[PDB]
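Only one structure is covered here, and it is reproduced in the block below.
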Amino acid sequence: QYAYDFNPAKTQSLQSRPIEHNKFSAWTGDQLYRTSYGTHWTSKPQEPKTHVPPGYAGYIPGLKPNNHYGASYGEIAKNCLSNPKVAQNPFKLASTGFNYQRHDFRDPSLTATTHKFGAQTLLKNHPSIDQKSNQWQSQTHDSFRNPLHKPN
Amino acid sequence: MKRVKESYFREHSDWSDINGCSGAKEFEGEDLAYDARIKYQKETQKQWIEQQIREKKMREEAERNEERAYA
Amino acid sequence: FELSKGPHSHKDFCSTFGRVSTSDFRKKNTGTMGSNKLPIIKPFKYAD
Amino acid sequence: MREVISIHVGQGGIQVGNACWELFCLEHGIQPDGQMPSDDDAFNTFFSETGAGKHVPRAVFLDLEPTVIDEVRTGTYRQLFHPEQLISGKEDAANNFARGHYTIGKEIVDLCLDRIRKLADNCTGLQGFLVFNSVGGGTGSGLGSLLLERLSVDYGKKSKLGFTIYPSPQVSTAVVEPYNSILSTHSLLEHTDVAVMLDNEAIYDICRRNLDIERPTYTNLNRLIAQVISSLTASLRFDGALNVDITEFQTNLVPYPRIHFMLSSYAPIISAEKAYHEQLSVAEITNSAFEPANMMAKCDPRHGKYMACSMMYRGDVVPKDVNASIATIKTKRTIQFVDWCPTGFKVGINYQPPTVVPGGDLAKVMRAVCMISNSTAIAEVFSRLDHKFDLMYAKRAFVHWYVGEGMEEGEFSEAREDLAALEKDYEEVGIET
Amino acid sequence: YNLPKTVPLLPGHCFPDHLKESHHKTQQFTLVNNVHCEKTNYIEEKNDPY
Amino acid sequence: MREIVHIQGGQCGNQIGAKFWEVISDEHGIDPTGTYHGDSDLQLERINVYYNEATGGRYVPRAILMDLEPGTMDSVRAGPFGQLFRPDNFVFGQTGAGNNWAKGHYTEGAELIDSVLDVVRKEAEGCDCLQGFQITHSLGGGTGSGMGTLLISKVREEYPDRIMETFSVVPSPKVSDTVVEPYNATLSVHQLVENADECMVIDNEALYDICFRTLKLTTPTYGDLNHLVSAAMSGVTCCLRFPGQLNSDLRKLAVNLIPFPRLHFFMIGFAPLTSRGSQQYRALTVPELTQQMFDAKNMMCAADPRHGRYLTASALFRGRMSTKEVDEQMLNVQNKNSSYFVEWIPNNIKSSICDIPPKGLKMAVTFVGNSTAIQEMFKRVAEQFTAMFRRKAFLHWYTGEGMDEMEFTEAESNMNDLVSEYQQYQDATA
Amino acid sequence: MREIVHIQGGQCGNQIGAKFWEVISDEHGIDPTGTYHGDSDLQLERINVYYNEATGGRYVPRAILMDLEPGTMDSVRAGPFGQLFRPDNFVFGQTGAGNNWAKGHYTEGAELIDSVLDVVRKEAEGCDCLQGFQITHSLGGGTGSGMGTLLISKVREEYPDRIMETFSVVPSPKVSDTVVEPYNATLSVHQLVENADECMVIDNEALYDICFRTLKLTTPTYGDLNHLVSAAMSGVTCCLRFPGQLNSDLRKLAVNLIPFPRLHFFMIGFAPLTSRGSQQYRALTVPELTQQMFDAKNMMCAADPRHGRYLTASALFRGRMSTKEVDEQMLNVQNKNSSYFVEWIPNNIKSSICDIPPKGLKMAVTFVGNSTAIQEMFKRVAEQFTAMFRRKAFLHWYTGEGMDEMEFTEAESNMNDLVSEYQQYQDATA
Ligand SMILES: Nc1nc2c(ncn2[C@@H]2O[C@H](COP(=O)(O)OP(=O)(O)OP(=O)(O)O)[C@@H](O)[C@H]2O)c(=O)[nH]1
Ligand SMILES: Nc1nc2c(ncn2[C@@H]2O[C@H](COP(=O)(O)OP(=O)(O)O)[C@@H](O)[C@H]2O)c(=O)[nH]1
Ligand SMILES: Nc1nc2c(ncn2[C@@H]2O[C@H](COP(=O)(O)OP(=O)(O)O)[C@@H](O)[C@H]2O)c(=O)[nH]1
Ligand SMILES: [Mg+2]
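Protein chains in written order, with the deposited numbering: chain 1A, 3 to 154; chain 1X, 1 to 71; chain 2V, 55 to 74, 81 to 108; chain ME, 1 to 39, 46 to 439; chain 4R, 3 to 52; chain LF, 1 to 430; chain MF, 1 to 430.
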């Protein structure tokens, strides 16, 4: 009838089977998942924190750079956590470093020492229009969030 | 602490239930419910194993999923 | 207290990563598989 | 009216108190946020009403390494505990008992005692303190010693219990832990009312043999110790036909003031794959409790005499079956009691069935037994730790790490002597008249 | 019935033949500087825009 | 459980292992890419005996290949089923052997064997509960008969409790394959006799005779010879891997087979074997199998067993048969030929049964025998050695790297003595 | 809390840091522009340990680059991740040391070191709670091996309670890159033994051997070598930055690894490392991790470990695993090799677990082993130093900046005494 064949079930080579593609993170659905808690109630990575109790210690981002004025520690933490930024890429650089030459490092005046000046103004990380009085900012009447609302 | 239950399974009796019992004729310690009681409880007890078996089996399958992904 | 062990045991000096002449060889029957000779007789107790 | 205060120090103490407090909340029906869902004063032993809704535990957490405490306050139980009773330092003692007893613990002991005062003044019928500590760790041992010595004079006759976790005979984590273990033992000998042995190897063997889990983790152990504590303490917050308290331990299990180290056992511990495929009768569970391989401490009771046994049954057990089992235990020859103890059994019975935690391993059974034995076989672990300590102390290894932190060089000598005196007392008591 | 679709190997069924067009032996195993090393055949892919 | 690791050396060992491994892979239903594709559940219960585990659920053999020249392993890697073995399991030199026992045992093997020792010892500590080692080599070559024997000795001083088996291809002079074969043969046997727990001898002349007369096929090849000996290899250990009425592992075989420690040489055979033109006339039954096993020509050794008396023998059956037929046929053959069995032991035959037959067959059987007739090979090789050593021919090659004639004298004396006590038991009476 | 600052000097140290900061930025999800891009909350919780925060939401490493010549700094600035470092942190001379220990430790380094000491003092005072300092440098070069060590001494005798860790690239003699290596290596070790809390020795030859034998990649380079060193560097402090079953910081490792004050020279190792031809075949389990960790060829030093007895060992695991397997495997490897573990300190291995593995893997192992086998490197260095110093070769060059040979004699006597007393404990018995 016929001779002897080697491969059963006609398994095609992983060599020529399709092409590689972007599921590098196939296993890292839970790679940044603690187990001190975790695996006690949940099995999926914890959502980012929004509130912290007093004396939380490690590095709430907002506080140190721009000195936050007189307000409760938890209040400041909640504000500077719920604020935007602290994430998302406008430049779209990767954390690995393979994408370093996608974006050229530019700092958006013409310095000229021929006759006068040449000091150049400061960088665009300082306030405008927001100049407003402290008694004004601190002293408003009721048009705030309700301190004790929490709908049930 | 307190002694609320005379025995684990049954509470105290209502005053109407204890009508005589001045003479040692009714003790209530004779059950008349023991065999049916154990027969009933064993069934719910097998049920606890039954549910626990699916819980453990699902946990094991979830564990195996991770190795499948990492491969 | 003793825990006498027979065939395999678990203690070794040179198990995993130990290892760092033409004149010398095995003479006649030093090998374990040779030496067709038996030990000496003991009356023995049994009954205990 | 009756309360007990929990003290947790060290990474082991924190990671076991976590499982203990999860189990307590689940048993009393308290949601993780601290309030009864959205749809009885027995909780009062462990918790206290704030008046408006939620309940705050009567416990304190201590550490010098902020990672664990930060992890707690980031977890889901963040709203449960009071924000300022989870005391965390800045620098870890780094397995050094001298650092935790003379250098850095003294700046945190004052805050801890202040919190203990602010917590104890609230209670009115204070039963006692429980303490959890890893004995083989620097900060754990040092801070445990400091708190026990401070409390012994601050409160006096109040009962204190210690659930110490001694190093295993052959497998362990650190290499310097015998020094800390011996020093802490010297400290606790004259300062704790009750000590319970909880070495890891015995629990490892129990889990491997019975749970049929080939790759267990610290969480399973913590769940087992939590279950043991709950079984011990259920007699103050549940009704029972025959009740026992904390004060009903030093009155039944302590033949002499120096002898207060006991070792525990639990039954039944069966995986749900074969859990109820046997009848789980009171006789067989109480026999498995006394079986030597079941003991929660890596010791063989067959090598010594029995001093006293306290057994707590919970569930659907009945006193007549308890006595019937006791008769068989006394009849059995493999186990023998000391000469001067005609009867050595104290029995407590409770009606609350054990509760099961989701994601757990054990099966929720109608009947369970937890056994605490004081026996003369305990000397073996002390003997082997003694050998391990003297082996290194012969050549003065690692001695500089303790001399340079303010500890006098001869402090080792009297700890060694006190261990020797402990074997003195134990082997002297163990002989017949 | 279910007859075997192919030959099952037995002491008298393999029937090897050595009549090929050309017999050449490929040098796969390489020892350099007292270190064993191999050619990476059966592992090469071709190209992609990644 | 009670798994065995495989190690092979030389061209002979490499080819034999290459054939044996594809035989085992076919038996266990493993594809050339290492992924199981079998149908029955029993094929996966005891798979850890010969195969390890990898990520992705694939299997790799626990085999080690050693050589002084990478030519043989280079040829075998490109063959079918060549992707199962691992590159770290290959160890190779760069100088060759030159068919010199001293070269392969004192100067290059001595400095090369460290790596292969590391590999095999790593595998041994990796496996859960080791059962023993099996070797495949030929004594007529340099690298094999030197380095394999040295490795045997070394692993013996390290694992004295484990079992050791060798498949030894002794040279018969009619197939004169190497002029300097007597030196290598006598030294190799001398070294082997005090270390190897079991040895089974294979003769190329016997294989040639089997292929010519039994299979009756025109053009046999070394592939066919290797496949025969590989079937013989798998037959002895089938019982350890598959269930049966009576379990029997190599330790039990040794215990029931060798009476005295200095007699651990066996001669083997396999059944059934039929030609294409004689499979339609032969019936397949236990009497046929038991008739074919004891046939003198069917034996896989040049020795003629009817010239001597069987000391002990053993049979390993495969398939579903009846202990009725097994035992009654064995008693029948032991009773009708009483002259060919030594008198001071009755029931000198061990029998074992495994219920899984080889693929494509109903019943099979493997015969292994310790009989006093193998002394013919030893006597003949001894007379060859002494005749060609009387004139000190070829001796300078061995002497040039430190060896001395006193070791030659001791080895030949040991072999002669072994012949003496091995023969004196033939005439022993009760 | 308990954060550390980075100081690096010489071209070797600069190249090490160039990849160390790269891998740390990858681990914490920081772009080349310094903006946070982390994917979970973990990459941001403890980021203050290595990174300072700046207005505008950007991050700056707390690193100090310190050197006598600007070529390597100006080259490393232009590479990827080269914009992170603050321009003020660069301190550089204009001449260089010319591989003179004298030039790099007395005449120009001491003059330049005022500014770098000022900036290090500023950085240390700015951060709230110090943990210690870590340095990377090579001992075969003048400017590094002198001026880095002078800074080591100055920093130590200001902050004796803070821990000091050093990664020293000691020069193997088989592949020598500078002919005056023994002189400045001896002069550097003499100063290092008196002030460094932990010294971790790294051998270029050992890295070369690892790159050939394990990865089996054809053309490795200094980039891959630096990346290996950086991975080993991060494996030590990973558990300081991530939560785990058992936290273990630098002070804990120091307490648990050095029995005596002068024995603080460590050999490290990283696992798993496998060739891409074998990445699909090895199965990641704790037994494989520990087997590769304790392998002799996997050590980052030319000192062969099995020439002596391990004084102490430490293992740091990264990933989520059962403490069962870690502890039982460690006990097994300790029991199976009782010959190579000193017996008067039982249970001489410490272990730690961290929950966050390196990106792209589930399990990783970092090993630090204090063993007596490292005395070979000191013996060889001393032999070369005394052979070269007996004829006063190259000696006028060091004596031409005020140095005298009595310092050479003092340093060589110090190393000789260290070797003698370090071997003293090898043969000690109970
Ligand atoms: N059963 C159990 N044992 C633990 C646990 N945590 C720590 N241990 C034991 O504690 C010993 C080390 O001490 P740790 O508790 O980890 O640390 P510490 O007590 O806080 O002391 P430091 O390390 O100096 O901070 C280990 O050998 C463990 O056996 C735990 O959660 N469960
Ligand atoms: N049965 C069998 N015998 C072989 C094979 N290859 C070689 N031989 C025999 O081995 C002898 C030569 O052995 P040799 O190659 O020198 O062994 P080596 O030195 O270890 O490589 C010859 O007599 C051959 O008959 C084989 O594949 N099968
Ligand atoms: N690992 C590693 N070693 C290096 C590198 N560059 C140089 N080396 C080693 O450093 C030694 C020479 O050091 P040298 O340049 O004199 O150091 P310097 O005096 O501080 O500039 C050589 O032996 C090299 O092996 C590198 O990029 N990586
Ligand atoms: Mg700790």
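Heads up, the beta-carbon is just placed ideally off N, CA and C, and yes, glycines get one too.
- Kindly list, in the order they appear in chain 1A, the residues whose Cβ is closer than 9 angstroms to that of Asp31 (chain LF). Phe8, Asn9, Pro10, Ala11, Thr13
- Query: Could you check where the beta strand (DSSP E) with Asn380 (chain ME) kicks off and where it finishes?
  - Reply: 373 to 381
- Could you tell me which residues DSSP pairs with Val169 (chain MF) in its beta bridges? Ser138 (chain MF), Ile202 (chain MF)
- My guess is that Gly319 (chain MF) and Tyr106 (chain MF) are in contact by the Cβ rule of under 8 angstroms, so how many angstroms apart are they, rounded? Not confirmed; about 48 angstroms, so no contact.
- Query: Under the rule that 16 or more other beta-carbon atoms within 10 Å means buried, what is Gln103 (chain 1A), buried or exposed?
  - Reply: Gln103 (chain 1A) is exposed by the Cβ-count criterion.
- Query: How many whole angstroms separate the CB atoms of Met164 (chain LF) and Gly126 (chain LF), which I take to be in contact at a CB cut-off of 8 angstroms?
  - Reply: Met164 (chain LF) to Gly126 (chain LF), Cβ: 19 angstroms. No contact.
- With 16 other CB atoms within 10 Å as the buried threshold, where does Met1 (chain 1X) fall? buried
- Can you tell me the Cα-Cα spacing of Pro80 (chain MF) and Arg86 (chain MF), whole angstroms? 15 angstroms
- For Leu68 (chain ME), the first and last residue of its enclosing beta strand (DSSP E): 65 to 69 is the extent of the beta strand (DSSP E) around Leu68 (chain ME).
- Residues near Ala295 (chain ME) in its chain [Cβ-Cβ closer than 6 angstroms; skip 5 each side]: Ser271, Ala273, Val375, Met377
- My understanding is that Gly134 (chain ME) touches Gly310 (chain ME), with C-beta atoms under 8 angstroms, so please give their C-beta distance in whole angstroms. Going by Cβ atoms, the distance from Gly134 (chain ME) to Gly310 (chain ME) rounds to 29 angstroms, so no, they are not a contact pair.
- So which of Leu84 (chain LF), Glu22 (chain LF), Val155 (chain LF) has the shortest CA-CA distance to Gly34 (chain LF)? It is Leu84 (chain LF).
- Query: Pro298 (chain ME) by DSSP, collapsed to three states: which one?
  - Reply: helix
- Message: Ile268 (chain LF) and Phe341 (chain LF) - do their beta-carbons sit closer together than 8 angstroms?
- Response: no
- Message: Please list, in chain order, the residues of the region 47 to 62 of chain 1A that have any C-beta partner in chain ME closer than 9 angstroms.
- Response: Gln48, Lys51, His53, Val54, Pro55, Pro56, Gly57, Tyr58, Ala59, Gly60
- Task: Flag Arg121 (chain ME) as yes if its beta-carbon sits less than 8 angstroms from any beta-carbon of chain 1A, otherwise no.
- Result: no
- Item | For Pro220 (chain LF), the three-state DSSP class (helix, strand or coil) | coil
- Could you please tell me which residues of the region 61 to 83 of chain LF, in chain order, have their CB closer than 8 angstroms to any CB of chain 4R? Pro70, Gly71, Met73, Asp74, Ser75, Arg77, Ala78, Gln83
- Query: Between which two residues does the beta strand (DSSP E) carrying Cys354 (chain MF) extend?
  - Reply: 349 to 354
- Item | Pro305 (chain LF) versus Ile24 (chain LF), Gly93 (chain LF), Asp26 (chain LF), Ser371 (chain LF), residue with shortest Cα-Cα distance | Ranking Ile24 (chain LF), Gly93 (chain LF), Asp26 (chain LF), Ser371 (chain LF) by Cα distance to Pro305 (chain LF) puts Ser371 (chain LF) first.
- Message: Can you tell me whether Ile219 (chain ME) is helix, strand or coil according to DSSP?
- Response: If DSSP states are grouped into helix, strand and coil, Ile219 (chain ME) belongs with coil.
- Any alpha helix (DSSP H) of 4 or more consecutive residues that is wholly inside the region 236 to 264 of chain ME: none
- Would you kindly check if the distance between the Cβ of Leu42 (chain MF) and the Cβ of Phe242 (chain MF) is under 8 angstroms? Closer than 8 angstroms, so yes.
- Any C-beta of chain MF sitting closer than 8 angstroms to the C-beta of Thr82 (chain 2V)? no
- Query: Quick one: what does DSSP say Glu3 (chain ME) is sitting in, helix, strand or coil?
  - Reply: Taken through DSSP and simplified to helix, strand or coil, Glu3 (chain ME) comes out as strand.
- Show which residues of chain 4R have a CB atom less than 9 angstroms away from the CB atom of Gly360 (chain LF). By Cβ distance, chain 4R contributes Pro6, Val9, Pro10, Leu11, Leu12, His15.
- Task: Report whether the distance from the Cβ of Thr143 (chain LF) to the nearest heavy atom of ligand 2 is below 7 angstroms.
- Result: yes
- Leaving out five residues on either side along the sequence, give the residues of the same chain with a beta carbon under 8 angstroms from the beta carbon of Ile291 (chain ME). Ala273, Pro274, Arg373, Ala374, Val375.
- Query: From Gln291 (chain LF), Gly38 (chain LF), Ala315 (chain LF), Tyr159 (chain LF), pick the residue whose C-alpha is nearest to that of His64 (chain 2V); which is it?
  - Reply: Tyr159 (chain LF)
- Message: Between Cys305 (chain ME) and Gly350 (chain ME), how many whole angstroms is the CB-CB distance? I'm expecting something under 8 angstroms.
- Response: Actually they do not touch by this definition, with Cβ atoms about 18 angstroms apart.
- Message: What does DSSP give as the partner residue(s) for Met415 (chain MF) in the beta ladder?
- Response: Paired residues: none, contrary to the question.
- So does the region 344 to 352 of chain LF actually touch the region 315 to 333 of chain LF, counting three or more Cβ pairs closer than 8 angstroms? yes
- Message: Contact between the region 356 to 373 of chain ME and the region 256 to 271 of chain ME is defined here as three or more beta-carbon pairs at a separation below 8 angstroms; is this criterion met?
- Response: no
- Query: Helix, strand or coil for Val155 (chain LF) per DSSP?
  - Reply: Residue state, collapsed to three classes: helix.
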